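1. Enclosed are the sequence and the experimentally obtained structure.
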Amino acid sequence: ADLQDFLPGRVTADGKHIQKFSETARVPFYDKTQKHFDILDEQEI
(Lines give C-alpha, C1' and ligand atoms only; values in the text may rest on other atoms or scores of the structure.)
Protein backbone atom coordinates (compact mmCIF):
# COMPACT_ATOMS: atom_id res chain seq x y z
CA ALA A 1 0.00 0.00 0.00
CA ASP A 2 2.72 2.42 -1.08
CA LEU A 3 -2.79 -0.61 -6.90
CA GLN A 4 -4.20 2.32 -8.85
CA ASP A 5 -4.37 0.18 -12.01
CA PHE A 6 -6.66 -2.32 -10.25
CA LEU A 7 -10.31 -1.59 -11.05
CA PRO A 8 -13.40 -3.17 -9.46
CA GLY A 9 -15.62 -5.39 -11.55
CA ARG A 10 -17.90 -8.40 -11.75
CA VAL A 11 -17.55 -11.40 -14.04
CA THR A 12 -20.40 -12.03 -16.46
CA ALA A 13 -22.91 -14.87 -16.22
CA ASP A 14 -21.11 -17.04 -18.79
CA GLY A 15 -17.79 -16.62 -17.00
CA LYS A 16 -15.44 -15.23 -19.67
CA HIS A 17 -15.94 -11.45 -19.43
CA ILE A 18 -15.73 -8.88 -16.63
CA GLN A 19 -18.17 -5.98 -16.26
CA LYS A 20 -16.35 -2.93 -14.91
CA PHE A 21 -17.92 -0.92 -12.09
CA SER A 22 -17.97 2.84 -12.56
CA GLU A 23 -17.46 3.71 -8.88
CA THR A 24 -17.24 2.08 -5.45
CA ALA A 25 -17.82 3.07 -1.84
CA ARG A 26 -17.04 1.91 1.69
CA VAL A 27 -19.96 0.47 3.68
CA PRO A 28 -19.44 -0.41 7.37
CA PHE A 29 -20.44 -3.71 8.92
CA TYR A 30 -18.41 -3.84 12.16
CA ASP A 31 -18.73 -0.45 13.90
CA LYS A 32 -21.42 0.26 16.49
CA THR A 33 -23.08 3.03 14.47
CA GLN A 34 -25.61 1.31 12.18
CA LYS A 35 -27.36 -2.05 11.79
CA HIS A 36 -26.82 -2.98 8.14
CA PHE A 37 -26.07 -6.57 9.19
CA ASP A 38 -29.54 -7.55 10.44
CA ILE A 39 -31.63 -5.70 7.84
CA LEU A 40 -29.82 -7.29 4.89
CA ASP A 41 -30.62 -10.86 3.89
CA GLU A 42 -28.36 -13.92 3.91
CA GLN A 43 -28.97 -14.53 0.20
CA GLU A 44 -27.91 -10.93 -0.47
CA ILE A 45 -24.38 -11.71 0.74
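-> Right, received. Where do you want to start? Numbering: from 1, shown residues only.

2. List the residues that contact the residue nearest the centre of the chain.
-> Closest to where the C-alpha atoms of the chain average out (Cα atoms, centre = their mean) is residue 24, at 7.4 Å. By Cβ atoms under 8 Å, 6 or more residues apart in numbering, residue 24 lies in contact with residue 8. For every residue, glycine as well, the C-beta is placed using N, CA and C.

3. now swap in the one 10 residues further on and tell me
-> The neighbours of residue 34, taking Cβ under 8 Å, 6+ apart as the test, are residue 28.

4. In a helix, it, correct?
-> No - in this structure, residue 34 is coil, not part of a helix, as judged by DSSP: H, G, I helix; E, B strand; the rest coil.

5. going forward can the numbers begin at 5, since that is how I track them
-> From this message on, residue numbering opens at 5, which makes the last subject residue 38.

6. any idea how far residue 44 is from it?
-> When distances are taken as Cβ to Cβ, to the nearest Å, residue 38 and residue 44 turn out to be 11 Å apart.

7. just residue 6 next, same as before
-> The spacing between residue 6 and residue 44, counted by Cβ to Cβ, is 34 Å.

8. Comparing those two, which shows the higher neighbour count?
-> More neighbours surround residue 44 than the other of residue 6 and residue 44, with 11 against 2 (other Cβ atoms under 10 Å).

9. Residue 14: what secondary structure?
-> Remark: residue 14 carries the secondary structure label strand [criterion: three-state DSSP].

10. list the contacts for it?
-> For residue 14, the contacting residues are 22, 23, 25, taking Cβ under 8 Å, 6+ apart as the criterion.
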